[PDB]
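To keep things clear, I will list the structure first and then write my remarks on it.
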Amino acid sequence: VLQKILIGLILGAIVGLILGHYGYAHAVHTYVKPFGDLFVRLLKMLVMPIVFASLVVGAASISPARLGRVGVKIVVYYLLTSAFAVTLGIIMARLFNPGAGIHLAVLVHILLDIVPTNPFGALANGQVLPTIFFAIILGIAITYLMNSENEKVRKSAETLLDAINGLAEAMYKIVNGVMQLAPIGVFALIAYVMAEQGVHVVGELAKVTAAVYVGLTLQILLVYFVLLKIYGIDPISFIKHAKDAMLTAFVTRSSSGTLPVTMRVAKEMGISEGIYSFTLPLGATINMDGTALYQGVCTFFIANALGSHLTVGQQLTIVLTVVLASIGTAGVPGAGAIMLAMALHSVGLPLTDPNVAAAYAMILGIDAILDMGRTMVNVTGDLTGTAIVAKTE
Amino acid sequence: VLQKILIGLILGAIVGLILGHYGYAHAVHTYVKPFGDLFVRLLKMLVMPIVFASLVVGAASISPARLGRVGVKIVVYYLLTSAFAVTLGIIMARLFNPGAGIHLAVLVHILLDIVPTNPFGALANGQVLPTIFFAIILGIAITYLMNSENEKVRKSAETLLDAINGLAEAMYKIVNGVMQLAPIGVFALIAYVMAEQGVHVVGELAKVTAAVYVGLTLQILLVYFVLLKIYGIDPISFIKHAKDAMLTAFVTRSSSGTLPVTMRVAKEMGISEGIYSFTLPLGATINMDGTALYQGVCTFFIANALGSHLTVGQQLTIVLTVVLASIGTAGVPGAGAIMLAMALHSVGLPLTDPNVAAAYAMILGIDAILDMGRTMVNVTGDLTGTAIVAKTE
Amino acid sequence: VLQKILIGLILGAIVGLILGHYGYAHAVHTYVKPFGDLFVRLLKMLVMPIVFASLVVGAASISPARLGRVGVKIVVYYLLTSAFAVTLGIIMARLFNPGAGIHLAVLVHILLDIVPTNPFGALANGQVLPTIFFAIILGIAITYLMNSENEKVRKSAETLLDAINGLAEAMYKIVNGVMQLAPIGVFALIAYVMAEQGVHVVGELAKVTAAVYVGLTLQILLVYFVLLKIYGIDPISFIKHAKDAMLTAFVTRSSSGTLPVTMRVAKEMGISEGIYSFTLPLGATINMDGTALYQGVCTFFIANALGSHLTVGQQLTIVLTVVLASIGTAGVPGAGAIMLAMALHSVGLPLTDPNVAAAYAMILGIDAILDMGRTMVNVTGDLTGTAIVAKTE
Ligand SMILES: N[C@@H](CC(=O)O)C(=O)O
Ligand SMILES: N[C@@H](CC(=O)O)C(=O)O
Ligand SMILES: N[C@@H](CC(=O)O)C(=O)O
Ligand code: NA
Ligand code: NA
Ligand code: NA
Ligand code: NA
Ligand code: NA
Ligand code: NA
Ligand code: NA
Ligand code: NA
Ligand code: NA
């Protein structure tokens, strides 16, 4: 576990890069990738039940006044960590210089959709945010039945809450059983990514790869570790517990698919179920510091590859636009590169221009490698804020 | 509540009509309507769970012989109240004269679809009638397990019925919490309708508007109040309890979306859960006296605007066709005007004729204002029949 | 029951064939078929709940070591019975000679899809195999909570398992109530098939009809009865208990739709719920001996009608291809004839050839009559293997 997952990650990238330099990326896509795809299928299987069941129980166990206080805390935390990741990525884009080696030249509906019109349908087809909304309303209604003067109502409410909790506790036991297959699933996914896109990390694409990974490492040290030290949390013991969720996120490149592993990690470190069952699923789609840092670095790569000087006001409007795009990015692999296109239409750089689509295509050739570092930071920011908010209730 | 909802309804129509005469209907569509749309999203959220859970519990608590007796009673009640609404609308269409001011000239698959082939899918995508069918079969099966000679079967059946009831009782507590936002949601929806279509109530369109609302008022007095007095039910105390569901139906213009408010109203007035949990959801799609009265008035408006004399046999075939269209009309806003087109193909007036589509378009310009009075009578007829059937078990 | 279903089957085929020789097949499609379609709607209604609920309970009651042993047993049984059905059909195709009277001339994605990415969605839209996968994982997780050192976890796990079992036991009581309508539903479906396709059983099509039904009768005697005698099971008492599921399968021509009747039959004969709740739903899509025997007979009919000699190596590759097509065939009516086209592309006989499509069309004219005998053997093979595996745990 603590060694076999690291073994599969290291040995898989070695087997991936070796088989990638030869050109057998089509061979690992046939015989190796299905073992990693299966590992993701199992984790995606548990997302909707483990989110809905844990939140009905958690929103009941906690008081609505405290639950709303956690939302105000975790949202202010999410907006600040993402805004810091962009300004850290822009700084990392200027410490390095990606784009100088190549010489080219040139809402209300979303809020209302949080409220589902059919929670049975919401559970049926993904939709974590509508599920989060209905599960909170349900759990809060459950405990208002606990205070009923009627005996039949209290027994029926306790029965439903227990059955729901029985489902929740069941899903967590499945994660511990699925994570036994992680060394094989980790080995397979890291090898497929390193085989297909490991050859593409050359030259200016190797610069933007190092500019992002250094920014992500600095995001963990200068932001997450510092904030954990300020709120009195040992970072080394935190990474030891989050090691399973961080590597699973780095490997599956899906914050939504890693979500059952992160909620187990938060449970395994004693965080109240009324907090992590609400911040982790909401943070799996809103808190994306790794995506916010990646989109800030690449927007500078586009502007530098095209020989355009970005004013301080333009660098400022990039931060506000990337944070908006950081939230709109899905917790699925490759979503950040698609959302990067919307951040380029705001600075007046359309993808219809051939030189814009050229550099954008270059990023796609290494997007999955950058996607690994993105999701791990998108997920760590969810656990870091959950632990800090739970530290202050 | 008893005042704030009336305040939001009155003040909203005032703010709506004032902002409508200026032309700021696009402004209330942007800043005001989302507050009313959100109120409808919350009510639609509770429909499927509150229908399925309450009916499994209600069909278990009641005996199958009594449940089938309620169906025969409530269906005979539904067909008579709708047939009376059309003949009342045709009479109201002749007391007034809409169409003289403008001078122009010229099944088995549905029954089988009540039985769902996947109750999990039925719950996922609307389909109240298939849910009603499965919930009745489930609740009846639950109580047949209560009489099992086995102890494990009785405990497991009581466990499921309690958990289901825990969900039901939970949804009702949500309605009381959502109705706290009704004064804002009522104010928003009445203002958007009065701003967009309040300017259109001029001339012959003001005649058909008064001809319908008088017929709906007469439907409540001469039919509902009389039948409540015959079966020994004080109408004033009935309207006091149904005030929340009647105004919510008048404002949301959706019998299906108002359904969680009407089932709470029926619970708040002591009606057995084995009755209202079956008649109200079935009446939200079959009992539409307000729609049956509206389609009878408008069919005369089409024939009078085109200068065509309707024989007594034609007026008779209109009633039989509108009642058929009254049942096929959905409990969603604007469904009655779409179903009005099918009632015109039967009398030999196709919408391909330009003069037919002209008067039909005129009705669309005031359809939402008429839709408010429709749904309130469609819903009142559900509560009136439920209370009368519960008065006789 | 034991007589009325046989009465409706016999009298329905008589009324079907009589009304079919006149030509009133359109009359029985209008007034008779809806009564049979309704009977299938009710059975399809119970499939998903009775599969999911019974398997969570069954996989919990049984040990995972024994459950995996049943899978290895029932799969080896399924592959052998299907391979024997093809070799029996090819032998039956050579005892008779269909095609001499007419003189003409001329995977990994499937495995990964067993693991659902949303069990709520899987239940919503069919997908028995993903449900089987999640229900087993859930039931196994339930009993791992029974051994928890925590009291709240054991109570919540027992609560969920009971509620789920309460649903399961409920669905079985519905089957016994739906089967009371079987004599009407059986009479209707047998009459519609005999009216539409009874006229088509003439000449060479009557030969292939007798060649299949004799092979299916020999499949029950020489394979099922022999294996039941070897494992010490009285065949006469077995057919008496399976009479309801065998005739329902013969009449509805849907192994998936008959599944709630077969699981009840297996319960009514004392088979452990940890076995039949896993082998019967898995066998309703994988074990299709009647389809495997039908596709073997028809492939010879195509080759004989086109005057092509089939080598022993070709007859061998037909068996391996039909068994592959036997598994891919759905448990819905007419699926075997569609899957027969894929078995013809392997032997190098495309349906683009006019003479190939001619004989293929002839089989479609009698496909539903052959589909009756298919499903009954597809279902009997599920019960036969379940009883034999349960005989040895
Ligand atoms: N891989 C990221 C999304 C992205 O950056 O494309 C996540 O799942 O959070
Ligand atoms: N508004 C009506 C339908 C209609 O008349 O269009 C209802 O919801 O019942
Ligand atoms: N009727 C078969 C399928 C087929 O052979 O077409 C079944 O349901 O198992
Ligand atoms: Na963030
Ligand atoms: Na995230
Ligand atoms: Na995001
Ligand atoms: Na009615
Ligand atoms: Na209604
Ligand atoms: Na209707
Ligand atoms: Na088989
Ligand atoms: Na089968
Ligand atoms: Na099959």
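Per Swiss-Prot, chain A residues shown: 12-117, 130-416, in order.
Method of determination (from the header): X-ray crystallography, 3.4 Å.
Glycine too: its Cβ is placed from the backbone N, Cα and C atoms.
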Quiz item: Do Swiss-Prot's topology records have A:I73 and A:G255 sharing one side of the membrane?
Solution: yes
Quiz item: To which of the binding-site residues A:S277, A:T314 does the lowest count of other Cβ atoms within 10 Å belong?
Solution: A:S277
Practice problem: Report, as numbers and ranges, which residues of the same chain sit near the topological domain 'Extracellular' (A:321-337): CB under 8 Å and 6 or more residues beyond its ends. | Solution: 101, 104-105, 108-111, 113-117, 227, 231, 345, 363, 366-367, 370, 372, 378-379, 382-383, 386
Exercise. Using a Cβ-Cβ cut-off of under 8 Å, list the residues of the same chain that are 6+ residues beyond the ends of the transmembrane segment (A:81-103) and lie near it.
Key: 73, 234-235, 237-238, 241-242, 245-246, 297-298, 301-302, 305-306, 309-313, 315-320, 323, 338, 341-342, 345-346, 349-350, 400, 404, 407-409, 411-412, 415
Quiz item: Using a Cβ-Cβ cut-off under 8 angstroms and a sequence gap of six or more, which residues of the chain neighbour A:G306 (Na(+) 1 binding site)?
Solution: A:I85, A:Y89, A:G404, A:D405, A:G408, A:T409
Quiz item: Within 8 Å of the Cβ centre of A:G306, A:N310, A:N401, A:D405, which other residues of the chain have their Cβ, at the recorded Na(+) 1 site?
Solution: A:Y89, A:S278, A:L303, A:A307, A:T308, A:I309, A:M311, A:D312, A:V402, A:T403, A:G404, A:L406, A:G408
Exercise. Restricting to the same chain and to sequence separations of six or more, state which residues have a Cβ under 8 Å from that of A:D394 (L-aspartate binding site).
Key: A:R276, A:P356, A:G357, A:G359, A:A360
Quiz item: Cβ under 6 Å from ligand 1: which of the binding-site residues A:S277, A:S278, A:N310, A:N401 qualify?
Solution: A:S277, A:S278, A:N401
Quiz item: When each of A:12-30, A:42-62, A:298-320, A:392-412 is checked against the transmembrane segment (A:231-251) for Cβ pairs under 8 Å, which one has the most?
Solution: A:392-412
Quiz prompt | Entries of A:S277, A:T314, A:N401 which, being binding-site residues, have CA atoms within 10 angstroms of A:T352 (Na(+) 2 binding site) | solution = A:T314
Quiz item: Rounded to the nearest whole Å, what distance do the 12 unmodelled residues have to cover between the Cα atoms of A:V117 and A:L130?
Solution: 32
